[PDB]
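Okay, so here's just one chain, in structure tokens, the form deposited in one PDB entry.
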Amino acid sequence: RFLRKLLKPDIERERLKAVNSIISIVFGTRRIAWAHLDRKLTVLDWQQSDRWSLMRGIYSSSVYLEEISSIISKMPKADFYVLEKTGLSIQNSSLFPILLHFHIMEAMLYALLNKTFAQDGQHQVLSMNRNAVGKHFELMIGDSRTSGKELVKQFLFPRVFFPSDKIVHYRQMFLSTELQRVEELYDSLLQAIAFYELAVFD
């Protein structure tokens, strides 16, 4: 019942219980970000992508496909790719360029990154509601979701494991967000941890 709202595709529970690696994707209007996990709460890859040529008044599918192909080149292989879904709708007269930008990014990453769909028909990319992730960590107040930088600051500085290979990189990312905070980079870990705690590891 709850998984009907948490995850949009309807997937049978047996293949969820044996998942190994998951990558979480959060879009923005000026950046994208993603993180990697390996069933031991061990972070190995967590990166961002700035300096786009999009959302500058031109909506052409050629530059979209070049930019997406460059981003998807560095993303490794995994059992599932979980995706962030927002509450914007078509009813807002304004905020439509943001919605148009989001739906194009989602569709192309859905058409790509699911390589063997034409043969066996197994889905491998799925959505997750952002309000449910905030309610799990009690980051919700006034029908809205707060930042969450203090939670991940506590983690980096038993909930999630952490190797020493990328610890200095993320603490540098924490220092960079101290000057100018960005939430696309912070929402990735919260979504991944919420997935291992709701859908898996009951």
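The term rigid core refers to the most C-alpha atoms you can superpose between the two forms while keeping them within 1.5 Å. In this text, residue numbers run from 1 along the sequence as written.
(request) Give yes or no for this: do at least a third of the other compared entries, each modelling residues before and after residue 70, lack coordinates for it? (result) It is not, since residue 70 is included in all of the other entries that model both flanking stretches.
(message) In a third or more of the other compared PDB entries with flanking residues modelled, does residue 164 go missing?
(response) That residue is missing from at least a third of the other compared entries.
(request) Enter the number of deposited residues without atomic coordinates between residue 157 and residue 158, binned as none, 1 to 3, 4 to 9, or 10 or more. (result) The entry has 4 to 9 unmodelled residues between residue 157 and residue 158.
Below: the form deposited in another entry, not depicted.
(request) Of 133, 173, 68, 33, only one moves its C-alpha by 2 angstroms or more between this form and the one not shown once the rigid core is aligned, so tell me which. (result) Among the listed residues, the one whose C-alpha moves by 2 Å or more is 173.
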